[PDB]
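Participant: Here goes the first bit of my complex:
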Amino acid sequence: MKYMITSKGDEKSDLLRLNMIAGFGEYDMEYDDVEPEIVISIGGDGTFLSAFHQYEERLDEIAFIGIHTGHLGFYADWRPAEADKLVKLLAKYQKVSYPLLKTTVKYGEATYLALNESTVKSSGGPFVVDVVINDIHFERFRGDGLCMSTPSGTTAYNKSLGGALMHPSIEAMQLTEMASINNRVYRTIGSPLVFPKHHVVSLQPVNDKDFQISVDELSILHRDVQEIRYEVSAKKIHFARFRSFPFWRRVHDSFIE
Amino acid sequence: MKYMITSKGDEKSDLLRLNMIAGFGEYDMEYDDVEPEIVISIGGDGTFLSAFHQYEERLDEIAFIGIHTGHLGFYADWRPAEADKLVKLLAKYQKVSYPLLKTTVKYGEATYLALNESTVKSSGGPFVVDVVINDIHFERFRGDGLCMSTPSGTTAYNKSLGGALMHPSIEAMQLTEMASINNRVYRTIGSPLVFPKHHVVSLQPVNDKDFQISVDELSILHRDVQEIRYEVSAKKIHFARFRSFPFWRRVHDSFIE
């Protein structure tokens, strides 16, 4: 098949990349970074995220696989010394799909896909937005911001905000808070919220209408924002898996020992 | 159909019960607390939980409905003044099903069903158990205890422990911690964990083998425990719904205003 390889750009990763290409040359694998079926990322989860966003247009045609030159990542879960074993099995593997988050921003409209999360903060503060779930006004949020995470993203930013870790087989999204003000006056739920497919969470401005919005590593200031809509994407990311590496096992290795 | 009515036992609830029965007498509704198809609970969520456990043997034949004489509950979501409207619609409604938690306790075996959660604490402390997910040892927990919650239960005990609130349409279970010790020596994940169907969480003793185990309001001391197994039950609870009362709307009314 057609394949491409992105690299963290450090000496370690660039040289490992040139080796897999050479090993791939010993097969009928046409390198093609235009319309690849196999996308290999060498570096960290940050490198993988970039690889994902480079090709978010052809997710249903691509099977991703990540190699970590540094510490064990959640997407880059295969060790550098397994490279030669990878180049073989990719030539002759089953696919694993994770849910994605669809974010829509309306002005006075733009959509994005996130593998980890999409967050919202204010350009200077204070940050005030009304939270609306399925058209029902749920709360008015006062604080630093909000984070909407995918299943696979719960181990990332979501985790640092006190959110729960959920298995990627669960088609859902999770909203956590950032330093929410809670008075006898102002009131937020406090707890993280987990939404199923087809549930629409909408954030609506109260005073200011400029927000610092991010999707994964991308962080854009958006002006004249009228609404921000979160919902579990219809599109899914496909991973090529050559071995059994259980999510909970990945969680254990990352956080426990 | 056959129906039965349990009451919190206070003057308010007992008299509301006698009225619905009388109103039910004006129809072809045979009162039968042996094999009822309709189980009505009048009181609070505590009354409802009892009603559920009285008939956990015939869940697939019963449609539950709760009336709250006190404050708005999550299971007892219908106001007392709607009683007469209830007795009518029940005579001629669609069913809503929530996931349940199956708990298994092995000795040197007993199973239970929970509508809210099952917890584990130690009889005198210290509490130490090994946590095993799908046969893989995940962590060794040191602290006060652990809580495994259903979707509908996340608004209860789970919530006070920092757990996330998840929609009851999601077939899953959530594990939270109780005052976990975290040293450079001892290590727990800290974050709540959300498991999908068919995932098995097993708790295994390290030193002591006696534990205070609860399922909902039931709290039993269990001796010579070898293992405690948690997994999303195959059985589901069925609610009779005569109106639209969205879960998130119930959450808003309960915690926000």
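Facilitator: Now that the structure is in, tell me what you want to look at. Residues are numbered from 1 along each chain as shown, chains lettered A, B, ... in the order given.

Participant: gap between residue A:252 and residue B:186?
Facilitator: 15 Å (Cβ to Cβ, to the nearest Å). C-beta coordinates here come from the backbone N, C-alpha and C atoms, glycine included.

Participant: what do you get for residue A:217?
Facilitator: The value you get for residue A:217 to residue B:186, if Cβ to Cβ is used, is 34 Å.

Participant: one step back: which one of residue A:252 and residue B:186 is surrounded by more residues?
Facilitator: When residue A:252 and residue B:186 are compared for neighbours, residue A:252 comes out ahead with 19 against 14, by other Cβ atoms under 10 Å in any protein chain shown.

Participant: which residues touch the more buried one?
Facilitator: Contacts for residue A:252 (Cβ atoms under 8 Å, 6 or more residues apart in numbering or on different chains) come out as B:136, B:138-139.

Participant: On the three-state scheme, it is what?
Facilitator: helix (DSSP: H, G, I helix; E, B strand; the rest coil).

Participant: List phi and psi for the residue nearest to residue A:254 when sequence neighbours are not counted.
Facilitator: In space, and not counting its chain neighbours, residue A:254 is closest to residue A:72: 6.0 Å by Cβ to Cβ, 6 or more residues apart in numbering or on different chains. Residue A:72 adopts backbone torsions of phi -50, psi 120, taken as degrees, to the nearest 10.

Participant: how about the residue of chain A most remote from its centre, secondary structure?
Facilitator: When distances to the mean C-alpha position of chain A are computed (Cα atoms, centre = their mean), the maximum falls on residue A:184, with 35.9 Å. Judged by three-state DSSP, the three-state class of residue A:184 is coil.

Participant: Got the phi and psi for it?
Facilitator: Backbone geometry at residue A:184, expressed as degrees, to the nearest 10, gives phi -70, psi -20.

Participant: From residue A:206, how far out is it?
Facilitator: Applying Cβ to Cβ to residue A:184 and residue A:206 gives a distance of 19 Å.

Participant: Also residue A:70?
Facilitator: Separation of residue A:70 from residue A:206 (Cβ to Cβ): 42 Å.

Participant: repeat for residue A:256
Facilitator: Using Cβ to Cβ, one gets 42 Å for the distance from residue A:256 to residue A:206.

Participant: Kindly report the same for residue A:50.
Facilitator: Plainly put, residue A:50 is 34 Å away from residue A:206 if you go by Cβ to Cβ.

Participant: of the two, who's got more company?
Facilitator: Shown here are residue A:50 and residue A:206; by other Cβ under 10 Å, residue A:50 has more neighbours (17 against 13).

Participant: The following sequence is to be added as chain C:
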Amino acid sequence: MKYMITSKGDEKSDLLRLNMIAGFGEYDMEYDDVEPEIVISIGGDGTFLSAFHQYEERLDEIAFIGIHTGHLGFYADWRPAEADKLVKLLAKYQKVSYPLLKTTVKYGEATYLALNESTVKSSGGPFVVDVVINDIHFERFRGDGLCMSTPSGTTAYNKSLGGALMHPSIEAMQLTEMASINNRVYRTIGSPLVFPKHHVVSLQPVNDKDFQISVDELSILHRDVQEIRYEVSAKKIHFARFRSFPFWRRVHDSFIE
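Facilitator: Chain C, in position alongside the others:
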């Protein structure tokens, strides 16, 4: 004595201000916003903070007092209807002093005073700084930022970050975290830290050297930062108190009912 009055600037507060001045005219109270002994703030805690910073140069010569035209504040603790009673007692009161936080920023030096807190975030992220206590390297922080709060400030930003509320009679400062990354790799204490007088907390850059630093409402981007030093200030703020309004009672009224 000499006195001055600042106002939130809304119709309510401006008119209450003109009334107290007039009532003050019936006494020997020279209005002087250059070298006042009595500084009265009418509005909210935000108005009070501004009043404090307008005169942070003569704290030992000023006795502050706040009136809240909106909701009960912690510094603006006196109701609008008590204005006439205030103008009287100020003419003929005991002083209450709260500890302040001294922040020092060195380049390749500037000091500030805070009544609530001083925070540090990164200009674009990621935020990485080494935390050094009394010259001993304590940890390397990875996350969104850090907050150092005064005793009276613990009810503010500090509170939303999970920090503890401490009585203002305690000469100390408290450091809380903002979404700290905690891996098997990266490690922070997680818990808030409370330092006594004469303890010096120093934040030192690791990669980037530009930080968004705030003291109370003031938020300045600082470039080429070498060090940020936190320590309990030698200066204290003085309040004029005409009645008994216990801190814990203020906390109760603000957060409980």
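
Participant: hang on, the earlier thing: you'd agree the residue farthest from the centre of chain A is up against residue C:252?
Facilitator: No: judged on Cβ atoms under 8 Å, residue A:184 makes no contact with residue C:252 at a distance of 9.7 Å.

Participant: coming back round to it: list the contacts of the residue farthest from the centre of chain A.
Facilitator: C:253-257.

Participant: Could you give me the PyMOL syntax to select whichever of the residues you listed are buried?
Facilitator: Only the buried members of the contacts of residue A:184 end up in this PyMOL selection, burial being decided by 16 or more other Cβ atoms under 10 Å in any protein chain shown:
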select buried, chain C and resi 254
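
Participant: how deep is residue A:27 tucked in, by neighbour count?
Facilitator: Neighbours of residue A:27 under the rule other Cβ under 10 Å: 13.

Participant: The nearest residue to it once chain neighbours are set aside: neighbouring residues, count only.
Facilitator: Counting by Cβ to Cβ, 6+ apart, residue A:91 is the residue found nearest to residue A:27 once chain neighbours are left out, at 4.6 Å. Neighbours of residue A:91 under the rule other Cβ under 10 Å: 16.

Participant: One more: residue A:23?
Facilitator: Using other Cβ under 10 Å, residue A:23 has 17 other residues around it.

Participant: in terms of contact, does it touch residue A:90 like I think?
Facilitator: No: Residue A:23 lies out of contact with residue A:90 (Cβ under 8 Å); the separation is 10.0 Å.

Participant: hang on, the earlier thing: enumerate every residue touching the residue nearest to residue A:27.
Facilitator: A:24, A:27-29.

Participant: Compare these and tell me which has the most neighbours.
Facilitator: residue A:24 (21 neighbours).

Participant: element containing that residue?
Facilitator: Taking DSSP states H and E as the definition, residue A:24 sits inside helix A:11-25.

Participant: Check what contacts the helix or strand just after that helix and list those residues.
Facilitator: Next along the chain after helix A:11-25, taking DSSP H and E as the criterion, comes strand A:38-43. Strand A:38-43 has contacts (Cβ under 8 Å, 6+ apart) with A:1-10, A:13, A:16-17, A:20, A:29, A:47-48, A:50-51, A:55, A:62-70, A:75-76, A:80, A:86, A:90, A:240.

Participant: Would you mind writing the ChimeraX command to select the buried ones in those?
Facilitator: With 16+ other Cβ under 10 Å as the criterion, this ChimeraX line picks the buried residues out of these:
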select /A:2,3,4,5,6,7,8,13,16,17,20,29,47,48,50,51,55,62,63,64,65,66,67,68,69,70,75,76,80,86,90,240
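
Participant: Go ahead and add chain D:
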Amino acid sequence: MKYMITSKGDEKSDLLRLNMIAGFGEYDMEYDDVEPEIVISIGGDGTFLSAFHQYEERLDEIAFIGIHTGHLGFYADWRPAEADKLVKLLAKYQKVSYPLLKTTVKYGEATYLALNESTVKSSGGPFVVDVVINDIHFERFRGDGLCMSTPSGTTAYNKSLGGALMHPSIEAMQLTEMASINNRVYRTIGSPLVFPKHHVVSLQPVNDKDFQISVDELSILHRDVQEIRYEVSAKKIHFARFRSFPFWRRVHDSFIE
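Facilitator: Let me add chain D to what's already shown:
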């Protein structure tokens, strides 16, 4: 001086004890476990706590020192290999004092001292008590229980409950919550509270009057309880220190690396 030595009771500690005694025999140090001036604990913090409670009657006459045969403790901060160096310096050192917590229990009265904390839970639940600070009703607590920690105790149970770590030079006490219920109905402060000297926190029963009360390792069920009073003790514990081992350095070694 007179001295005594308690041991964890394991082979390691018992043999280290017999060695220090022998080394002490080479000096004019009369072993006396009745009225010792020097109390040495060999084991862990648990052993030290026991040593403290064995002699809580003569705290102002005793200087404690702890040796850890296992992992680094906060009270047992001296390594086993430093034993011979200890026996020398104790013969010819300065004292360090930490604040203690005084707990009073009234019936229809008994006092205790705690080095770490005193907690309150219910015998079967539910746990409901009114919290009263300096005679002012602050809140009505609904949940699992409450914990009142000393400065040195904040690194213990207090820490697992989300409490802040405070320096032992600060004469104060800190109250944290255990799984508190927070509805639109029931309301607790949520945040930990830090009280200075002379502040009295009183817990008063609402329905049940039986509570599981602990002070450090001691856990007693108390019946017919009318009130539980917490306040910073007038008594302090005295440590013999032969080197400089900063509290924050102890915290770093224990939790960071």
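
Participant: again for the neighbour count of residue A:23, chain D present now?
Facilitator: The tally of other residues near residue A:23 (other Cβ under 10 Å) stands at 17.

Participant: Can you tell me which residues in the stretch 51-200 of chain A are near chain C?
Facilitator: With Cβ under 8 Å from any Cβ of the partner chain as the criterion, the stretch 51-200 of chain A meets chain C at residues A:71, A:124, A:143-144, A:157, A:160-161, A:178-185.

Participant: Where do the domain boundaries of chain A fall?
Facilitator: Segmentation of chain A into domains, based on curated CATH domains, reads A:1-99+A:235-257, A:100-234.

Participant: what's the most buried one of these?
Facilitator: A comparison of the domains of chain A by mean neighbour count, using mean count of other Cβ atoms under 10 Å in any protein chain shown, puts domain A:100-234 on top with a mean of 20.

Participant: Tell me how far it lies from the chain's centre.
Facilitator: Averaged C-alpha coordinates place domain A:100-234 at 14 Å from its chain's average position (Cα atoms, centre = their mean, to the nearest Å).

Participant: first to last residue in that domain, what's the distance?
Facilitator: For domain A:100-234, the first and last residues are 8 Å from each other (Cα to Cα, to the nearest Å).

Participant: Stretch A:17-32 too?
Facilitator: Termini of stretch A:17-32 sit 14 Å apart (Cα to Cα).

Participant: Can you pull out the residues in contact with it?
Facilitator: A:1-5, A:7, A:38, A:40, A:42, A:83-84, A:86-87, A:90-91.

Participant: Enumerate the residues of chain A near chain B.
Facilitator: Proximity of chain A to chain B, by Cβ under 8 Å from any Cβ, involves residues A:133-134, A:136, A:138-139, A:159, A:162-167, A:169-170, A:172, A:174, A:187-189, A:191-196, A:199, A:246, A:248-249, A:251-252, A:255-257.

Participant: who does the strand or helix carrying residue A:99 pair up with?
Facilitator: Using DSSP H and E, residue A:99 sits in strand A:94-107. Partners of strand A:94-107 in the sheet, by DSSP bridges, are strand A:110-114 (antiparallel), strand A:225-241 (antiparallel).

Participant: Need these in a markdown table (columns: distance to residue C:150).
Facilitator: Output for the strands paired with strand A:94-107, formatted as a markdown table (distance: least, Cβ to Cβ, whole Å):
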| stretch | distance to residue C:150 |
| --- | --- |
| strand A:110-114 | 38 |
| strand A:225-241 | 35 |
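
Participant: Out of those, which gets nearest to residue D:120?
Facilitator: Nearest to residue D:120 among the strands paired with strand A:94-107 is strand A:225-241 (42.2 Å), distances taken as Cβ to Cβ.

Participant: quick check, distance from that closest one to the centre of its chain.
Facilitator: How far strand A:225-241 lies from its chain's middle: 9 Å, per Cα atoms, centre = their mean.
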